[PDB]
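Right, one structure below, let's go through it.
Lettering follows sequence order; numbering is per chain, from 1.
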Amino acid sequence: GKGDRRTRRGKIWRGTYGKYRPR
Amino acid sequence: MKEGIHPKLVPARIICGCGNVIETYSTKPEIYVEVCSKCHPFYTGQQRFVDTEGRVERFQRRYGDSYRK
Amino acid sequence: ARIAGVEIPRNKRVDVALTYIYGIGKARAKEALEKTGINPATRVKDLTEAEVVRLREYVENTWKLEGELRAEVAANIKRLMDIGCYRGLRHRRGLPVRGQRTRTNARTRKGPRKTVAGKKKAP
Amino acid sequence: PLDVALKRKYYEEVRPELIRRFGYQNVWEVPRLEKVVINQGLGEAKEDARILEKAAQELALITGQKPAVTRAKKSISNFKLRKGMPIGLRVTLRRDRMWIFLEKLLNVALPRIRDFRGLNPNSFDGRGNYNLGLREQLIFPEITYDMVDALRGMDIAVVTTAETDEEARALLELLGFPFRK
Amino acid sequence: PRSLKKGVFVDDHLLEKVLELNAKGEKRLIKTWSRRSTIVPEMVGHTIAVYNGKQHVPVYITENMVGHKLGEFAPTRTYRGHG
RNA sequence: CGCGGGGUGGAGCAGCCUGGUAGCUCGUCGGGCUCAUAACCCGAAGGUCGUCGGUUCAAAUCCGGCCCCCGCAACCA
RNA sequence: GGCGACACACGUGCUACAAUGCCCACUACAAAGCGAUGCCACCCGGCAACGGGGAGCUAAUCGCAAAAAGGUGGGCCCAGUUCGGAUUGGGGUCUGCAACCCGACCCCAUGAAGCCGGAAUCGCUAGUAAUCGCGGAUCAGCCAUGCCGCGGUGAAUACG
RNA sequence: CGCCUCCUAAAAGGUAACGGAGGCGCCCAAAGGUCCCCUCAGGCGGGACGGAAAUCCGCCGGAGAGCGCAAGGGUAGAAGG
Ligand SMILES: [K+]
Ligand SMILES: [Mg+2]
Ligand SMILES: [Mg+2]
Ligand SMILES: [Mg+2]
Ligand SMILES: [Mg+2]
Ligand SMILES: [Mg+2]
Ligand SMILES: [Mg+2]
Ligand SMILES: [Mg+2]
Ligand SMILES: [Mg+2]
Ligand SMILES: [Mg+2]
Ligand SMILES: [Mg+2]
Ligand SMILES: [Mg+2]
Ligand SMILES: [Mg+2]
Ligand SMILES: [Mg+2]
Ligand SMILES: [Mg+2]
Ligand SMILES: [Mg+2]
Ligand SMILES: [Mg+2]
Ligand SMILES: [Mg+2]
Ligand SMILES: [Mg+2]
Ligand SMILES: [Mg+2]
Ligand SMILES: [Mg+2]
Ligand SMILES: [Mg+2]
Ligand SMILES: [Mg+2]
Ligand SMILES: [Mg+2]
Ligand SMILES: [Mg+2]
Ligand SMILES: [Mg+2]
Ligand SMILES: [Mg+2]
Ligand SMILES: [Mg+2]
Ligand SMILES: [Mg+2]
Ligand SMILES: [Mg+2]
Ligand SMILES: [Mg+2]
Ligand SMILES: [Mg+2]
Ligand SMILES: [Mg+2]
Ligand SMILES: [Mg+2]
Ligand SMILES: [Mg+2]
Ligand SMILES: [Mg+2]
Ligand SMILES: [Mg+2]
Ligand SMILES: [Mg+2]
Ligand SMILES: [Mg+2]
Ligand SMILES: [Mg+2]
Ligand SMILES: [Mg+2]
Ligand SMILES: [Mg+2]
Ligand SMILES: [Mg+2]
Ligand SMILES: [Mg+2]
Ligand SMILES: [Mg+2]
Ligand SMILES: [Mg+2]
Ligand SMILES: [Mg+2]
Ligand SMILES: [Mg+2]
Ligand SMILES: [Mg+2]
Ligand SMILES: [Mg+2]
Ligand SMILES: [Mg+2]
Ligand SMILES: [Mg+2]
Ligand SMILES: [Mg+2]
Ligand SMILES: [Zn+2]
């Protein structure tokens with residue numbers, strides 16, 4: 001879910017990037 | 001020993017995860033185990049596992065002495 | 001009782017099964033398998049006895065798990081409580097530790113509500 | 001009798017080390033193992049079931065010896081206990097069946113305890129006997145998680161002829177009992 | 001935490017206070033307001049008076065509380081529960 | 001030391017007879033409706049049964065002493 | 001230092017309780033805005049936050065930029081789970097004189113309540129509700145899930 | 001108001017008062033017969049859940065346990081299991 005930061009969905013929510021949502 | 005009330009003990013081969021084999025008697029002819037006494041980290045002498053730390057926290061919080069002497 | 005001391009559930013893929021071990025999330029499940037050549041899709045039921053010990057050996061030796069991890073987590077809380085730092089008082093009285101406000105929620109840390117009586121109006 | 005590794009070890013290794021450790025003038029002075037008594041004080045099966053069966057069947061697999069029922073001596077209201085209710089299983093292991101169980105208890109069972117850090121050195125009888133307690137019965141190799149239905153533990157009494165704790169601790173460590181401290 | 005590309009933070013004025021004591025055969029009672037100054041190995045054995053906003057609480061510093069800030073040991077709010 | 005009855009959540013009453021299970025109405029507290037209150041609606045908490053002692057595996061319940069509180073009786077002389 | 005307290009109580013919201021869903025990879029289609037100790041292409045270090053290089057743009061030109069739901073392919077198979085992401089341990093990053101009280105982010109681990117919510121109660125009549133994402137003001141940073149805007153997909157129903 | 005136990009009852013028996021205290025009006029198909037075997041309570045030390053007290057082990061322990069229910073007598077060289 002959007003609250004799960006360790007996912008490509010939660011990173012979109014916080015507007016941030018990481019291993020779980022790279023660019 | 002009373003007749004007909006006990007399970008027959010038979011020669012038994014016990015197999016551990018460290019390729020170890022034990023020749024004992026049991027009610028099952030061959031038993032496989034994931035751990036024995038020949039490899040338990042307590043049994044195998046000191047065998048300090050993942051933790052050789054102690055700790056080194058905390059006074060080993062060096063890096064660095066970069067305040068001017 | 002297979003690896004470490006927990007039986008990882010059969011019928012599931014091996015990568016999710018290993019997560020049922022305290023100390024292994026999804027990313028560590030990704031490692032151990034790849035570092036040992038076991039198809040992450042293989043069902044636990046369908047692993048060699050050779051693959052059991054190969055998966056087991058690495059898992060149990062690379063990182064500390066179940067009981068020891070809890071003992072080292074407990075040791076650090078205990079340490080914070082012993083020295084008397086502000087985090088140590090939080091873990092004592094049972095209040096949150098990471099800056100969260102307590103006027104309203106904190107229920108995960110406080111537990112069920114303890115409803116009290118309130119101040120009254122005038123008729 | 002027959003050949004069990006632990007027994008042959010008691011004579012070959014442990015007896016001479018004991019004599020040279022303590023100076024026994026008589027060969028019957030040196031400590032011996034006498035019996036192993038296993039106690040499952042259940043009480044869950046007071047009336048809630050005759051689960052004593054599935055628990056004696058597993059005690060029978062672990063020891064090779066059919067357990068016997070123990071019944072409540074007195075009645076106890078707080079315990080919900082009428083005098084005579086079947087509230088446990090006890091089995092007295094002696095001679096070779098004692099060795100075979102002790103041999104597996106050290107070689108496979110105690111290591112299978114999770115967070116195992118050695119047997120308590122303080123649990124000696126004061127008079128040379130030892131007791132320990134287990135919380136799971138699947139610590140033993142004859143028991144599998146598929147064959148179990150509910151976790152039951154036990155008390156293990158190992159009786160020796162040693163007059164003192166000091167002699168008995170030497171007897172049990174030399175045989176291979178990992179003591180914590 | 002503070003980016004270790006930068007140093008471990010001590011307000012310097014407090015750090016002088018302790019290195020003089022070591023040199024002169026410590027220890028005096030050290031009263032500071034730098035609740036932020038990181039506890040640093042040159043402090044163990046001393047006792048620093050930390051201002052929590054009202055008072056200077058004494059703080060005896062031991063080896064097992066080094067990676068911390070001084071304010072951690074002089075709490076700022078007194079509680080005692082509700083009636 | 002004439003004979004009865006009674007003592008249990010805050011109030012008033014079950015439960016005792018027949019030992020194992022504390023209950024009912026109001027009240028009290030949190031929410032709701034109302035502009036607000038009451039009523040009303042939704043939730044919850046509070047009694048180790050006057051007391052000491054005994055019987056029993058187990059006592060509010062059964063037995064004995066004490067405390068307290070109401071009721072009856074006290075006739076022929 | 002406190003405005004961030006916490007036996008409690010209420011309002012407004014975010015995230016969900018899953019399969020019309022979740023997850024990974026591939027691949028499409030916006031609008032309105034902002035941008036000179038500003039936005040940062042691309043490049044190497046790093047699992048990542050970021051760091052170091054380093055073009056272009058005083059901006060219908062260069063940049064923020066990837067829009068997301070969607071479309072395709074594959075994985076999960078009804079579990080308190082590959083649902084959910086609170087809480088907590090450890091390790092870092094960055095802005096800042098300074099992140100103890102009291103920052104945001106990233107990574108390993110931890111993985112709570114929650115199985116659709118009592119009495120009661122809110123909004124919306126159409127490109128509306130619902131759902132998807134995007135930008136701006138404030139601003140060193142930011143507790144923004146708030147506000148002011150922006151388009152994407154797109155219903156049900158009105159007897160009275 | 002009949003029955004049982006203890007005391008009063010003055011070391012045989014018996015012995016009164018509106019003298020001091022309790023109990024009975026059942027029960028058991030084994031709680032009966034016999035044979036064979038077994039020995040308690042409690043104290044302390046030891047043992048997962050497990051507590052003052054469940055079950056287990058060692059040591060001590062002549063009977064203070066038990067013997068359906070009052071009391072007394074009796075009793076493990078059994079009447080107890
Ligand atoms: K008359
Ligand atoms: Mg997830
Ligand atoms: Mg220095
Ligand atoms: Mg796990
Ligand atoms: Mg706070
Ligand atoms: Mg000799
Ligand atoms: Mg045999
Ligand atoms: Mg001792
Ligand atoms: Mg086993
Ligand atoms: Mg002995
Ligand atoms: Mg009262
Ligand atoms: Mg009352
Ligand atoms: Mg009645
Ligand atoms: Mg009744
Ligand atoms: Mg009631
Ligand atoms: Mg009210
Ligand atoms: Mg008005
Ligand atoms: Mg009202
Ligand atoms: Mg109620
Ligand atoms: Mg009374
Ligand atoms: Mg009762
Ligand atoms: Mg007359
Ligand atoms: Mg509420
Ligand atoms: Mg909100
Ligand atoms: Mg709300
Ligand atoms: Mg942006
Ligand atoms: Mg769960
Ligand atoms: Mg639940
Ligand atoms: Mg999950
Ligand atoms: Mg932390
Ligand atoms: Mg801060
Ligand atoms: Mg479900
Ligand atoms: Mg609904
Ligand atoms: Mg309208
Ligand atoms: Mg959604
Ligand atoms: Mg800003
Ligand atoms: Mg916050
Ligand atoms: Mg926004
Ligand atoms: Mg008569
Ligand atoms: Mg009669
Ligand atoms: Mg006489
Ligand atoms: Mg007499
Ligand atoms: Mg006569
Ligand atoms: Mg006469
Ligand atoms: Mg009578
Ligand atoms: Mg008959
Ligand atoms: Mg009889
Ligand atoms: Mg008979
Ligand atoms: Mg004990
Ligand atoms: Mg016990
Ligand atoms: Mg009796
Ligand atoms: Mg009686
Ligand atoms: Mg007697
Ligand atoms: Zn082994």
Which atom pairs, one a donor and one an acceptor, fall under 3.5 Å between side chains of residues 75-83 of chain E and the rest of the protein, sequence neighbours left out?
| from | atom 1 | to | atom 2 | distance (Å) |
| --- | --- | --- | --- | --- |
| E/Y79 | OH | E/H82 | ND1 | 2.9 |

Could you go through nucleotides 19-28 of chain G and list every protein N or O atom that sits under 3.5 Å from one of its N or O atoms, giving the distance for each pair?
| from | atom 1 | to | atom 2 | distance (Å) |
| --- | --- | --- | --- | --- |
| G/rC24 | OP1 | A/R8 | N | 2.9 |

Under 3.5 Å, which protein N or O atoms sit close to an N or O of nucleotides 50-52 of chain H? Give each pair with its distance.
| from | atom 1 | to | atom 2 | distance (Å) |
| --- | --- | --- | --- | --- |
| H/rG50 | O6 | D/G41 | O | 3.4 |
| H/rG50 | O6 | D/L42 | O | 2.5 |
| H/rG50 | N1 | D/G41 | O | 3.4 |
| H/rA52 | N6 | D/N78 | ND2 | 3.0 |

Please produce a list of atom pairs where a protein N or O lies less than 3.5 Å from an N or O of nucleotides 71-73 of chain G.
none

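Residues that satisfy the side-chain contact (heavy atoms from CB on, under 4.5 Å) test with C/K120, not counting sequence neighbours, are absent from this structure. Contacts of E/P58 classified as side-chain contact (heavy atoms from CB on, under 4.5 Å), with partners at least two apart in sequence or in another chain: E/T47. The side-chain hydrogen bond (donor to acceptor under 3.5 Å, both in side chains) check on D/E142 picks up B/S26, D/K104, with sequence neighbours excluded. Applying the side-chain contact (heavy atoms from CB on, under 4.5 Å) criterion to D/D165, with sequence neighbours excluded, gives D/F124.
For the segment residues 82-92 of chain C, residues with any heavy atom less than 4.0 angstrom from an atom of RNA chain G are, sorted by number, C/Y86, C/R87, C/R90, C/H91. For the segment residues 110-123 of chain C, the set of residues with a heavy atom within less than 4.0 Å of an atom of RNA chain G comprises C/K110, C/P112, C/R113, C/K114, C/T115, C/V116, in numerical order.
In this structure, H/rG58 and H/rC44 make a Watson-Crick or G-U wobble pair, each of the two defining distances being under 3.5 angstrom. Nucleotide H/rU34 forms no Watson-Crick or G-U wobble pair with any nucleotide shown, as no partner meets the under 3.5 Å limit on both distances. Nucleotide H/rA29 forms a pair with no other nucleotide shown, judged by Watson-Crick or G-U wobble geometry with both contacts under 3.5 Å. G/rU88 and G/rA109 make up a base pair, with Watson-Crick or G-U wobble contacts both under 3.5 Å. Across all strands shown, H/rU15 forms no Watson-Crick or G-U wobble pair with both distances under 3.5 Å. Pairing for G/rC6 is absent, judged as Watson-Crick or G-U wobble with the two contacts each under 3.5 Å. Of all nucleotides present, none satisfies the Watson-Crick or G-U wobble test against G/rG11 with each distance under 3.5 Å. Pair check for G/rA25 finds G/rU72; Watson-Crick or G-U wobble, both atom distances under 3.5 Å.
With both atom-pair distances required to fall under 3.5 Å, no Watson-Crick or G-U wobble pair links G/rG133 to G/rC97. A canonical Watson-Crick or G-U wobble pair links G/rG114 to G/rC83, with each of its two hydrogen-bond distances shorter than 3.5 Å. Judged by Watson-Crick and G-U wobble geometry, where both atom pairs must sit under 3.5 Å apart, G/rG117 and G/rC17 count as a base pair. With the cut-off at 3.5 Å for both distances, G/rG80 forms no Watson-Crick or G-U wobble pair with G/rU138. In this structure, G/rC50 forms a base pair with G/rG45, meeting the Watson-Crick or G-U wobble definition at 3.5 Å. With both hydrogen-bonding distances under 3.5 Å, H/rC26 and H/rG68 qualify as a Watson-Crick or G-U wobble pair. Taken together, F/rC29 and F/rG43 meet the test for a Watson-Crick or G-U wobble pair: both N-N or N-O distances fall under 3.5 Å. G/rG118 and G/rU82 make neither a Watson-Crick nor a G-U wobble pair with both donor-acceptor distances under 3.5 Å. Judged by Watson-Crick and G-U wobble geometry, where both atom pairs must sit under 3.5 Å apart, G/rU153 and G/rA129 do not count as a base pair. By the Watson-Crick or G-U wobble test, with both distances required under 3.5 Å, G/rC62 and G/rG35 count as a base pair.
The backbone N or O of E/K31 sits less than 3.5 Å from a side-chain atom of E/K17, completing a donor-acceptor pair.
Using a 4.0 Å heavy-atom criterion, one finds that E/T78 contacts no nucleic acid atom at all. Using a 4.0 Å heavy-atom cutoff across all strands shown, E/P75 reaches no nucleic acid atom at all. The residue D/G133 sits close only to the backbone: its heavy atoms come under 4.0 Å of sugar-phosphate atoms, none of a base. When heavy atoms are screened at a 4.0 angstrom cut-off, C/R109 is found touching the sugar-phosphate backbone but no base atom. The residue E/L70 sits apart from the nucleic acid: no heavy atom pair falls under 4.0 Å. When heavy atoms are screened at a 4.0 angstrom cut-off, D/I38 is found touching no nucleic acid atom at all.
Residue note: H/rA12 shows a north-type sugar, the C1'-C2'-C3'-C4' torsion being above zero. With its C1'-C2'-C3'-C4' torsion above zero, G/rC62 shows a north sugar pucker. The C1'-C2'-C3'-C4' dihedral of G/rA7 is positive. Its furanose therefore counts as north. Nucleotide H/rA16 carries a north sugar pucker, as its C1'-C2'-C3'-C4' torsion angle is positive. Judged by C1'-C2'-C3'-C4', the furanose ring of F/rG65 adopts a north pucker.
When the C1' atom is compared between G/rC57 and G/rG21, the two are found 45 Å apart, to the nearest whole Å. Taking atom P on both G/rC94 and G/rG141, the two are 16 Å apart, rounded to the nearest angstrom.
Within the structure, every pair that satisfies the salt bridge (charged side-chain N to carboxylate O under 4.0 Å, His left out) test and touches residues 80-106 of chain C, not counting sequence neighbours, is listed here: C/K78-C/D82. Pairs engaging residues 153-162 of chain D under the side chain to side chain donor-acceptor pair (under 3.5 Å) rule: D/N39-D/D155 [sequence neighbours left out].
Between A/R23 and the phosphate of G/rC50, there is a side-chain N or O to OP1/OP2 separation shorter than 4.0 Å.
H/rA30 adopts a syn glycosidic conformation, its chi angle falling within 90° of 0. Annotated as syn: H/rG62, whose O4'-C1'-N torsion sits within 90° of 0. Base orientation of G/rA30: anti, the glycosidic angle falling outside 90° of 0. The glycosidic torsion of G/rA7 lies within 90° of 0, placing the base in the syn range.
Using a 4.5 Å heavy-atom cutoff, the side chains of D/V69 and D/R71 are in contact.
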Under the salt bridge (charged side-chain N to carboxylate O under 4.0 Å, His left out) rule, what do C/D15 and C/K26 come out as? Steps first, then yes or no, please. CA-CA 7 Å; C/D15 42 13; C/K26 210 166 203 295; 5.2 Å; no
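Note: E/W33 and E/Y51 have tilted aromatic rings, judged against thresholds of 30 and 60 degrees for the angle between ring planes.
In this model, a side-chain donor or acceptor of D/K46 finds a partner on the base of H/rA54 within 3.5 Å.
Between D/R127 and D/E163 there is no salt bridge, since no side-chain N of the basic residue sits under 4.0 Å from a carboxylate O of the acidic one.
Ring pair E/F9/B/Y67: centre-to-centre distance not below 6.0 Å.
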